[PDB]
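Asker: coords please:
(7 chains)
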Amino acid sequence: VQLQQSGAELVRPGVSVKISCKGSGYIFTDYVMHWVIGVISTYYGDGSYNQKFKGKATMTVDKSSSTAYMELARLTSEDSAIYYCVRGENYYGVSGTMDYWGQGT
Amino acid sequence: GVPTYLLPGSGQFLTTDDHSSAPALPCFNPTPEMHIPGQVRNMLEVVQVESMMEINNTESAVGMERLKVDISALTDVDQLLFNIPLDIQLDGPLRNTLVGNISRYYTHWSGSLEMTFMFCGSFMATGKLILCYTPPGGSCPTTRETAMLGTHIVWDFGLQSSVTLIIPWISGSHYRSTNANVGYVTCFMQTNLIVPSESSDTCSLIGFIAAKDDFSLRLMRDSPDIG
Amino acid sequence: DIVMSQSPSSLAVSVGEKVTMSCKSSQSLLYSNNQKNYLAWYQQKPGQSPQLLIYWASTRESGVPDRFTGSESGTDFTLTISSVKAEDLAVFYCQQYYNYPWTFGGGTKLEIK
Amino acid sequence: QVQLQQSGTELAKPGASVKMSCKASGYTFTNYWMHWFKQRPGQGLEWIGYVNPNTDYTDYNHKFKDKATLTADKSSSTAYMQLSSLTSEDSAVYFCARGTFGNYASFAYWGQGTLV
Amino acid sequence: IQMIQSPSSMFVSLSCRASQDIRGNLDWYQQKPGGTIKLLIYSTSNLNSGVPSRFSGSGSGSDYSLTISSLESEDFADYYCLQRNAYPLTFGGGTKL
Amino acid sequence: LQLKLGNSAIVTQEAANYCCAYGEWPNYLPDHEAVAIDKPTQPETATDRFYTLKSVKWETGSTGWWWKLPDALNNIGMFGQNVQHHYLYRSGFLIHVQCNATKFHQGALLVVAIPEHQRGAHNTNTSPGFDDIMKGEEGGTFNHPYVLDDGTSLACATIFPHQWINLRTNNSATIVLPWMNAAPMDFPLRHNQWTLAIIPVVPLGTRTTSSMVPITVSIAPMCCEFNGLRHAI
Amino acid sequence: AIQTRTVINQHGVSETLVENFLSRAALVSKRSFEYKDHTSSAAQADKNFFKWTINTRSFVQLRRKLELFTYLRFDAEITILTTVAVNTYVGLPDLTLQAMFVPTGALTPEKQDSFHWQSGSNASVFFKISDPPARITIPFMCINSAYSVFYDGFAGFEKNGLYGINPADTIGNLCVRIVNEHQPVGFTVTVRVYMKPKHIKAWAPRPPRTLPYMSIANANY
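Answerer: Numbering: from 1, shown residues only, chains lettered A, B, ... in the order given. The protein structure is shown below:
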């Protein structure tokens, strides 16, 4: 029920970074990692990205380490916001609600 | 209860079976029948209607100029105007008729036919033609002298304007190649055309065809006309 | 895309009242099997992450006191606070999650006087 | 197969006469008129006359009324045309054509020519 | 009667007039340089039995014309016109094509 | 040698023929107690007249004509006034086509009557509108007569009721048309059952230029009845 | 090309009847709905059904054969055949479908699950995949006395109307969905529908069409 991630980082434009969300307190491969609307579904999943963030965001998952990585290439100065992870909920295949939130990065 | 056992072939689905079905809407009364005129009950009522053929079997005849052959005053006294190969399945004058579109759906056909010509010149114009029928054995004649010794009629279109020729018997199938030489109806010139100085010098013919009342069809298949 | 606009635009009330706030949606948000309108209600206190209050527009989250119960129909939505207290200063959020991509509400900031 | 076979070429001194022939074979003679033509080299053709081999009745162009004579032969199937009083202006090629069964003067079949 | 050939040479809507009206009654002949002549059009609109389709003729009261759509290698031969309205028969001039 | 129907008279017939479209005569409807029973009018005495249309002109380059029979009579007379403010009709027709040439003309026409002739526009995807179908009293013209403007054949178009006008033999044709529709009564301002169409198969000719050779069409509603407009209370 | 001949002898005229001419269960509609994503929206999951109007001028093998007549009168006899597909387990599931028939004047459903699928006033059929295929006959539901194949008129009383569309001709579409609601993520269910027109009556024959078609609404060549 706790979503710990990286603390804080900020680089100069022209450098790609990576954000990792560590999920602990609940069982894995049963929920859909949102990003506040790209998902990864945590079970050999590709997930559907947003249309505006389609080339900007590229992400994967690691089932053993229980982490949800996310790469952002070609950063600009417009990226002064808070990018983090949400646990989601996936019952039958539908995408469900937005239960527990991340820390903040 | 009654003791049963299942046969082999139990639960299959033929496309050509005749069994009852579960009604969608019981207690629904459709609209009652009305006497609409012109009911057809059998597709041999369609092939027995006359329908014109394409006598003009030359190449690069485009449009509705295929339905007629022109004879003129400057023509020779011994030459042929046309011949109809009596092949329904093949390309030619009898492909796009009314007897040659219904008998594409069926495989085997056998029966007697009925041809009718009609002269469309002016009231003054005269002359004679000759209409030769060749059985499936012999070949098509090339001169008028060798064509007279068959079955012929000498048609004077100065008095009459329509003639009737009875084809005795044709038959055919598809034979998985194709049969040929089921007959020929060829037409030679006898005398030259005689027109006065006021009518035009070009006249024309129109040919018709219709099956008789002993034509028959069997083993329905799918037509290649649209596929 | 479904836009989620909010009408009251950051109201400012006093302690002890009973407040509501509107949330508009461009089209219907009813899921067929559920026959339940997909809607989420949030609360972010300043300095920390938001927190889920009400899901399905009428169902209270386990761990939420009974002063948070709000429900509406149509394409207009609200959340009702039974007793306004001095610790409820937040920017309340309404979210649709019926159709990709998921858009948030306009944000309604509460000012406590 | 219809063939119109003419004779070879020849020449004559001015003041003499000469005779040609257009032997026809492949069709029925004495049904079709036999016309005759003249082509001075470098110019167009010109009509001379005809002969009716059924009734032996001829008809000439007015310009060639006194030059040419036109006969016919049923036994050998040959049409002749004899000139008279040759000059230097009577040097051309000479054609023969077949008419029509209805006497309409259409010229589907021709000869090859005879240079004088 | 006199007939004129309106073009003298062409390097394809060749035409010919007449002194009087001839009521159709006009043929079109072509002469190969070998020395062979065969007709193409008779009675100003029809076609001979054994000619390719490109050739076509037009008619009027007194001013007639031959029309070819597309050319050809051995199409290059001079074309004559003949009236048969009244004796004597008069040809044209010819267009060396 | 003539025929007379009420007010109008036609003295022009050579001989009498009565093509029946499918073997039947136009007749009134039986057992109409369930189809808009409002005492239908039966104006049989006041509508049966030969409405002779205008004369069309047949030359060598002509290519065909077509009329639509509930449409060509909507603005003419006692039928044209009854076809407004009566909202339903049921009728059958009688057509008399008669050209007139001398003993020196030559040619042939095909006078055919086509039920439910749905037309079609050449080489596009737009179905034709209200002004390409509803012409009225002036007819139309076949653009491509060899396919009857709908992709079918003209060689097989003798399956409809038809007669021939061969100018060597005759110059007249007569077709009697019954009520050919699924519903018992029909709306006259938007649906057209039959379609008269005359097509010159063999074009005409003479030594001189092509003559006018005019063609004259006469239409007569045989057994017509509309709804009831006057009631007791 | 070998040219062969054989003497043909035959009797009887019973293979050219109109009842025997227009039959034999041609396929009319084949469309499959499949699944490829591990997660989907709650709006894509309400679009897992299909519908098709039973105007049978769809395949030109049977459209050309049907346009030899002007008026027809028959009934349908639908037959629905269902098979299953893949893309570590390879065995195929056994799952239940529903095929509701919506006549004219009733509302068609706009979502996979809606109060229309539960309404009693339309004939729904529930069939599995491990059974013999479903079969329903559908009666003559025109309000004239015959189906107008060719219609020479306009639909409504206005200028901008569609030409050649009879408003009293349509029968009413049928709608098919899977009732199991659990999104099979790696499979593909394919539905084939057949029609056998029986109890045929036909009126007013027409000449057959030679030039190929250009649309499914008219005859433009």
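Asker: use CA for all of it now, contacts and neighbours both
Answerer: OK.
Asker: residues near residue B:100, how many?
Answerer: 17 (other Cα atoms under 10 Å in any protein chain shown).
Asker: Nearest residue to it in space, please, no chain neighbours.
Answerer: Nearest residue to residue B:100 in three dimensions, chain neighbours excluded: residue B:88, at 5.6 Å (Cα to Cα, 6 or more residues apart in numbering or on different chains).
Asker: From chain C, how far off is that neighbour?
Answerer: To chain C, residue B:88 is 61 Å away according to Cα to the nearest Cα, to the nearest Å.
Asker: backbone phi and psi for the most centrally placed residue in chain F, please?
Answerer: Compute the mean C-alpha point of chain F, and by Cα atoms, centre = their mean the closest residue is residue F:196, 4.1 Å away. Per-residue torsions, residue F:196: phi -70, psi 140 (degrees, to the nearest 10).
Asker: That one bridge partners, please.
Answerer: Under DSSP bridges, the beta-bridge partners of residue F:196 are residue F:67, residue F:113.
Asker: that older thread, surely the residue nearest to residue B:100 touches residue B:97?
Answerer: No. Taking contacts as Cα atoms under 8 Å, residue B:88 lies outside contact range of residue B:97: 9.1 Å.
Asker: Just give the nearest non-adjacent residue to residue 38, would you?
Answerer: Chain wasn't specified; assuming chain A. Using Cα to Cα, 6+ apart and skipping residues adjacent in sequence, the residue nearest residue A:38 is residue A:49, 4.2 Å away.
Asker: try chain F instead
Answerer: residue F:228 (5.2 Å).
Asker: can you list the residues of chain C near chain G?
Answerer: Counting by Cα under 8 Å from any Cα of the partner chain, chain C comes close to chain G at C:31-33, C:97-100.
Asker: what helices or strands is the helix or strand containing residue F:218 leaning on?
Answerer: Here residue F:218 is covered by strand F:214-219, with elements defined by DSSP states H and E. The contact analysis (3 or more Cα pairs under 8 Å, 6 or more residues apart in numbering or on different chains; DSSP states H and E) places strand F:214-219 against strand F:51-52, strand F:56-57, strand F:93-99.
Asker: Would you give the sheet partners of that strand, along with the direction of each?
Answerer: strand F:51-52 (antiparallel), strand F:56-57 (antiparallel), strand F:93-99 (antiparallel).
Asker: any chance of those strands in CSV, plus mean neighbour count?
Answerer: Listed next are those as CSV, based on neighbours: other Cα atoms under 10 Å in any protein chain shown:
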stretch, mean neighbour count
strand F:51-52, 17
strand F:56-57, 14
strand F:93-99, 20
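Asker: Of those, give the one that comes closest to residue G:121.
Answerer: Proximity to residue G:121 (Cα to Cα) singles out strand F:93-99 among the strands paired with strand F:214-219, at 45.4 Å.
Asker: those helices in chain C, which residues are they?
Answerer: Taking DSSP state H as the criterion, chain C contains no helices.
Asker: from it, which residue is nearest to chain D?
Answerer: Closest residue of chain C to chain D, Cα to the nearest Cα: residue C:1 (82.3 Å).
Asker: Which residue, other than its chain neighbours, is closest to that residue?
Answerer: residue C:101 (7.1 Å).
Asker: surely the one you found meets residue A:48?
Answerer: No. Contact criterion Cα under 8 Å: residue C:101 and residue A:48 do not qualify, at 9.7 Å.
Asker: Quick check on these two: which one has the bigger neighbour count.
Answerer: Under the neighbour definition other Cα under 10 Å, residue C:101 and residue A:48 were set side by side, and residue A:48 has more, 19 against 16.
Asker: Distance check, the more buried one against residue E:79.
Answerer: Remark: distance between residue A:48 and residue E:79 (Cα to Cα, to the nearest Å) = 78 Å.
Asker: Kindly tell me how buried the residue of chain A found nearest chain F is, as a neighbour count.
Answerer: Across chain A, the shortest distance to chain F (Cα to the nearest Cα) belongs to residue A:51, at 35.7 Å. The number of residues packed near residue A:51 is 12, by other Cα under 10 Å.
Asker: so where does the one residue sitting closest to the centre of chain D fall, helix or strand?
Answerer: Central residue of chain D (Cα atoms, centre = their mean): residue D:36, 3.4 Å from the mean position. Applying DSSP H and E as the criterion places residue D:36 in strand D:34-39.
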